[PDB]
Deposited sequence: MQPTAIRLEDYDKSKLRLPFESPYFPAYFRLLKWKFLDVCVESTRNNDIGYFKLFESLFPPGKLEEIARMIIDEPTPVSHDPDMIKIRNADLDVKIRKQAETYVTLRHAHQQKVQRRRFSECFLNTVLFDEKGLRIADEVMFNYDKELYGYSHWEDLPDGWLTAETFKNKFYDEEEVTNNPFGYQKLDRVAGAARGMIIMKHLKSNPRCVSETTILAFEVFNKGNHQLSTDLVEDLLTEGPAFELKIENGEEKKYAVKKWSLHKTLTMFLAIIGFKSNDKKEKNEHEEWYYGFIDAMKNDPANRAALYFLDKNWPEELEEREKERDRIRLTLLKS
């Protein structure tokens, strides 16, 4: 079976091609799934797909980074403090407590290395045109549907949700100057804590249709799920993940807001997200990346809401 080359494939159905200013940031909502695919591809003592990025680092630096990510941890039985505990002749109950604290510290120190060198790879390759080209083709060869989803394949022409997304999640000047550079989207999605946003949107009577799309694209879409244990536990603090948070912002494009323009409710999902992020200090901080004037715009919006409610009673 001869592999279909990217340059051959249609690309007429994509509403967000590679060359779109708004593509690099949108694609980077799959950065953890992209890392997952590169890690999955390592078969036997090879660095797998990671090697396709060696041109983007100084000679030999790529190999170092890849290893630091996939290298098996040293056994916790060889830890100097572990060995000292097991030789100290402690009361059984105290020894076992100490041992668990050394085991947890050991895993945490491994997680810190894996995250550091993962972020060194991703921030080098996914913010460079040549590197995004390679990443685009890697995703295409992995799963055509996911490639499509990252490019808005078979999306309608007049999709009003797409316009709101482009308008509120990118700064016009920043995305025009360097599309491959850091965008508002990368800051908000990265700072946000998805679990608390999912809980508040589920309790919003306005955002019932939107929550249904979010629930499906986060939990039940098979190619929005990580294949490796390594990347899964790297992003997990029943349990939420950093990939689940990004997959929520990814899924936003599916929201239907064409019919709600007549009643001026077409941005209800966006203001619903703001009301789902204003509650806790982490997401509240994430909102100040999205819009520096969000608390003043929130009070305006609630003044006019109260102004309309008053005129409606007099009937």
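Unmodelled regions of the deposited chain, listed from N- to C-terminal end, are 1-2, 240-257.
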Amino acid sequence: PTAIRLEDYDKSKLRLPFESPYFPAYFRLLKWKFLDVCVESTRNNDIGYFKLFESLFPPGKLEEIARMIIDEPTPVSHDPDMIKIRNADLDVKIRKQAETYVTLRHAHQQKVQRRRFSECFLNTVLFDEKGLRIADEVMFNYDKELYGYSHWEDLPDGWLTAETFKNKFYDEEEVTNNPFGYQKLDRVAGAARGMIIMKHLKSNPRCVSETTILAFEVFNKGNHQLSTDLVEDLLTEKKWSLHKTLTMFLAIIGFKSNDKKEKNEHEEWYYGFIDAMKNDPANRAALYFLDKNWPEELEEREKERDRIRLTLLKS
From here on, numbers count along this sequence of modelled residues.
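Looking at 228-236 and 155-163 together, the entry lists the larger mean B-factor for 155-163, computed on C-alpha atoms. Taking the mean C-alpha B-factor of each stretch as recorded, 254-262 and 26-34 are not equal, and the higher mean is that of 254-262. Placement of the Cα temperature factor of residue 289 within the chain: highest third of the modelled residues, per the deposited record. Ranked by C-alpha B-factor against the other modelled residues of its chain, residue 93 falls in the middle third.
Remark: residue 179 belongs to the highest third of its chain, ranked by C-alpha B-factor as recorded. The PDB entry assigns residue 247 a C-alpha temperature factor belonging to the lowest third of its chain's modelled residues. Split the chain's modelled residues into thirds by C-alpha temperature factor. Residue 204 is in the highest one.
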